[PDB]
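Encoded as structure tokens, the structure appears first; notes follow it.
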2 protein chains.
Amino acid sequence: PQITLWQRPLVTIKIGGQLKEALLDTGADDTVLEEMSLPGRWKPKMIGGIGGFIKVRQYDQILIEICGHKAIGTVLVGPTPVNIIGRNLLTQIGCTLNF
Amino acid sequence: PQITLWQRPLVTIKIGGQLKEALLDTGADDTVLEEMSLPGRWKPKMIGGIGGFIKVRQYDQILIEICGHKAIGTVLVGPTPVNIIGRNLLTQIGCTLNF
Ligand SMILES: NC(=O)c1ccc(S(=O)(=O)N(Cc2ccccc2)[C@H]2CNC[C@@H]2N(Cc2ccccc2)S(=O)(=O)c2ccc(C(N)=O)cc2)cc1
Ligand SMILES: [Cl-]
Ligand SMILES: [Cl-]
Ligand SMILES: [Cl-]
């Protein structure tokens, strides 16, 4: 699709079999979801937000669908203001900014 | 332009006679710049996300040029770690997400 930005670009994602609402965030380098169960081992990751850096859990090679587009990549889990699809997965699904 | 998300979508803007680098950020409702002077009235606001909240000054009806595109809108000014062009101005230059 072509998504305008008059409203937040909230889309449905599917991960671990569940539908969730997430924000397409080109300012986020990474993908960070609210606390959830993901398979496997995780590694530590620091993400720098507006108020400073925080520790989150990094899970690699996770299947996630974004508006029906299948992706497999790194998903961080932590206390994000909203589920966020950041550039790692936006790139994967072929998303660009256009004006 | 069509801007890839392999890297951060950093652009040059011109605001208040200053040339700055800023991130095209679809996750940001409003534009947020590092401390600078702007003309006119302002009112305080708090904005936040990962790591917490910061206080900013909200200036409305500010002229920004983004990639040669003029746009008018609110600019939040405060101790942000990165200059952000949010949806309030992305819309004005006709910026969309595309995949
Ligand atoms: N209310 C408003 O207008 C408003 C609020 C908040 C801001 S913001 O400054 O925080 N801002 C820009 C920014 C800040 C720091 C670095 C790059 C970009 C958010 C938009 N894009 C990412 C930011 N974040 C996501 C977010 C915050 C709030 C609402 C929706 C989305 S986040 O939680 O800092 C985060 C950071 C980084 C990562 C990562 N590494 O993936 C994930 C999450 C601007 C405006
Ligand atoms: Cl840890
Ligand atoms: Cl990835
Ligand atoms: Cl505005």
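Each chain in the structure tokens gets a letter, A, B and so on, in the order shown; residues start at 1 in every chain, and ligands are counted from 1 in the order they appear.
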Practice task
Could you give me, as JSON, numbers by chain, each residue of chain B that DSSP assigns to helix (DSSP H, G or I) when run on this structure's backbone?
Solution key: {"B": [87, 88, 89, 90]}
TODO: Dump as a PyMOL selection string the residues of chain A that approach chain B to within 6 Å, counting only C-alpha atoms.
DONE: chain A and resi 1-5+25-27+49-54+80-81+87+91+94-99
Please produce, as JSON lines, a per-residue contact table for chain A versus ligand 3 (criterion: any atom at most 8 Å away, only C-alpha atoms and all ligand atoms considered), showing the nearest atom pair and its distance in Å to one decimal, sorted by chain then residue number.
{"residue": "A:30", "atom": "CA", "partner": "ligand 3", "partner_atom_place_in_ligand_line": "1 (Cl)", "distance": 7.8}
{"residue": "A:60", "atom": "CA", "partner": "ligand 3", "partner_atom_place_in_ligand_line": "1 (Cl)", "distance": 7.2}
{"residue": "A:61", "atom": "CA", "partner": "ligand 3", "partner_atom_place_in_ligand_line": "1 (Cl)", "distance": 7.2}
{"residue": "A:72", "atom": "CA", "partner": "ligand 3", "partner_atom_place_in_ligand_line": "1 (Cl)", "distance": 7.0}
{"residue": "A:73", "atom": "CA", "partner": "ligand 3", "partner_atom_place_in_ligand_line": "1 (Cl)", "distance": 3.7}
{"residue": "A:74", "atom": "CA", "partner": "ligand 3", "partner_atom_place_in_ligand_line": "1 (Cl)", "distance": 4.1}
{"residue": "A:75", "atom": "CA", "partner": "ligand 3", "partner_atom_place_in_ligand_line": "1 (Cl)", "distance": 7.3}
{"residue": "A:88", "atom": "CA", "partner": "ligand 3", "partner_atom_place_in_ligand_line": "1 (Cl)", "distance": 4.8}
{"residue": "A:89", "atom": "CA", "partner": "ligand 3", "partner_atom_place_in_ligand_line": "1 (Cl)", "distance": 6.0}
{"residue": "A:92", "atom": "CA", "partner": "ligand 3", "partner_atom_place_in_ligand_line": "1 (Cl)", "distance": 7.9}
Those same residues - C-alpha atoms - I'd like them written as a short mmCIF file (atom, residue, chain, number, x, y, z; two decimals), in the first residue's frame.
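Generated output (result38.cif):
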data_model
loop_
_atom_site.label_atom_id
_atom_site.label_comp_id
_atom_site.auth_asym_id
_atom_site.auth_seq_id
_atom_site.Cartn_x
_atom_site.Cartn_y
_atom_site.Cartn_z
CA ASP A 30 14.61 -1.56 15.23
CA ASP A 60 16.57 -12.98 16.34
CA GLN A 61 15.08 -14.65 13.31
CA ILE A 72 11.76 -12.91 9.54
CA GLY A 73 14.15 -10.88 11.55
CA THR A 74 15.07 -9.31 14.85
CA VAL A 75 12.34 -8.36 17.26
CA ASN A 88 14.98 -3.46 10.04
CA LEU A 89 11.64 -4.93 9.08
CA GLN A 92 12.53 -6.25 4.56
#
With chain B superposed on chain A over the full set of C-alpha atoms in order, the residual RMSD is 0.8 Å
**Message:** Can you pull out the residues contacting residue 20 in chain A? Cut-off 10 Å, using only C-alpha atoms, and skip same-chain residues under 6 positions away; I want them as a PyMOL selection string.
**Reply:** chain A and resi 10-14+33-34+66+83
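Our summary of the geometry notes that CA of residue 42 in chain A is positioned 22.9 Å from atom 31 (C, counted along the ligand's line) of ligand 1.
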